[PDB]
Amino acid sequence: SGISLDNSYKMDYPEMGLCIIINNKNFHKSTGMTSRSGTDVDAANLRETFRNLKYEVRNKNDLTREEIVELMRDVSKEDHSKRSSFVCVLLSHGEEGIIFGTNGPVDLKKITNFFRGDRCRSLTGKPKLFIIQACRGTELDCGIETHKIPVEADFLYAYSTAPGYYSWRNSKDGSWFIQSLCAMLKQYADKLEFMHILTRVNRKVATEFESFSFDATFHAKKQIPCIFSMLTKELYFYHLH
């Protein structure tokens, strides 16, 4: 045949892949963690958004740290041979490097390690996307007026907020990041490469949202998401044929 290029992931396997959504709303009283009003709006928006991208969505609600680890392990031991990609969305409390189960923390490294190139062979060379709506610390952004591959290759972490910062969730509308992510996927997934979609998400969150609080410490604050890409190819959710 004619000349060929391979700068984009093959996304025309029989299946797009799994989209695992972990939606932690209610936490064990002993943890002291508040209930995450608005997160069901996020989980429903994500389910519909990834459904329309032809992902096999599995929604899970209010999982303990043990259940999160068991779920991830089990999913990583499935045969993904016929799947183009893998998506995991985490909606919870967090801090830097950590996501909360309903009864305590989970190391993000533990979750993602199950999908390493050497540990989930049917996803080797395929994009593994982790979308994380959770705090990463307690900083607030005041704004300003205007023949081997690496085992960590082919991961993408779409973080809702900059390292060290809180992340903002609206109890009525959902989180700023997930709201914006689903809107940009709906508008551009048939048009733009994924990093360019996520850059539009960055701009939407940065420009269209600002917190409102009766507490001056938490009022008029801003947010920028953080794209953490170790992908080796361009990622389009569509394919040609």
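The numbering used is simple: start at 1 and walk along the sequence shown.
Missing coordinates between residue 146 and residue 147 amount to 10 or more residues of the deposited sequence. Of the two segments, 202-210 and 28-36, the one listed with the higher mean B-factor is 28-36 (C-alpha atoms only).
Higher mean CA temperature factor, per the PDB entry, when comparing 8-16 with 222-230: 8-16. Comparing the C-alpha B-factors of 169, 116, 128, 136 in the entry, the top value falls on 116.
When the C-alpha B factors of 42, 48, 66, 193 are read from the deposited coordinates, the top value falls at 66. In this PDB entry, the Cα temperature factor of residue 61 sits in the middle third of its chain's modelled residues. The deposited CA B-factor of residue 152 belongs to the highest third of values across its chain. Looking at the C-alpha B-factors along this chain, the one for residue 89 belongs to the lowest third.
Per-chain ranking of the deposited C-alpha B factor places residue 112 in the middle third.
The PDB entry assigns residue 216 a C-alpha temperature factor belonging to the highest third of its chain's modelled residues.
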